[PDB]
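We begin with a single chain expressed as structure tokens, specifically the form deposited in one PDB entry.
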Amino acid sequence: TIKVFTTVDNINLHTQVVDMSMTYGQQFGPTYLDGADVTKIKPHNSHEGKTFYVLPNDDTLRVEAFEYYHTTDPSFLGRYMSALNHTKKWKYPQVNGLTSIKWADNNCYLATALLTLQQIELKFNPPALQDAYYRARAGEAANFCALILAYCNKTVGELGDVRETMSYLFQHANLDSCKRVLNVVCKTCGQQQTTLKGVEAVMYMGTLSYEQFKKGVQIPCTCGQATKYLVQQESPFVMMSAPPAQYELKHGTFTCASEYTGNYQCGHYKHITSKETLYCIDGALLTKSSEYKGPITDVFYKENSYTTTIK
């Protein structure tokens, strides 16, 4: 008979006494140790005092599980623990003062998202996400990467899109303050104004240039081709996306960007960031140049309060 600690958040620890003849799953339900499914294993003696994650099976654990993760999905813990088993074996080197990921298990898109998050202002709503976000900025990003996979319903090895991953993550962040007022002008229908809030205020799909979005873009009207342009923008950042195309990035005009080379889904991501010069982060590899032209699909810009001067 050894004594262990059960938890769902690694904050509120619940003390439990176990028998070494019954498997952990027989006594606690699905039980994990550092991501490893210990349901069908029996209590060994090094397990004394260690803390185990358990699937919630009473109301106290169910409430604590939501407080930390903001989900009642019973599959979340297993998908989280399954991803953590891999991500804690990845390497997280510091590259140009940023935490990256050494290439493994098709994690190129995760590294790009991880690098981008360290350069934009964002507060996550689930304490689980915010706490691991902090530890990731400090170099320990294994837990943060596993959570990203779980929250995106993706598995280790699956092929991932950075824009899609950021969008999922943005929906779990406090972007209530973010506002985007747009104006569409049609030669016949007229002129109409719509205001966006939250995730749609900080993302646009169609062009990489924030300036071009300010000047206006050609979009079809409900009558059949108008023009939409940005009127007001109140967000700490914006994300501009377009299907991969050749694009020139100039030092000091953007924060960071996603480079995508190769076939749809089968390709590989690289990360470009603007510092004193242009830097390219490819997992553990770093290169720098003063100019850059290449296939870009996301560009991130800084923002605070913008109001247009078009009459």
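Don't overthink the numbering: it's just position in the shown sequence, from 1. The term rigid core refers to the most C-alpha atoms you can superpose between the two forms while keeping them within 1.5 Å.
The next section is about a form of this same protein that is not shown, the form deposited in another entry.
- With the core fitted between this form and the one not shown, just one of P244, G267, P56, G35 shows a Cα displacement of at least 2 Å, namely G35.
- Residue displacement note: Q191 has its CA displaced by at least 2 Å between this form and the one not shown (rigid core superposed).
- A movement of the C-alpha atom of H70 falling short of 2 angstroms is seen between this form and the one not shown when the two forms are aligned on their rigid core.
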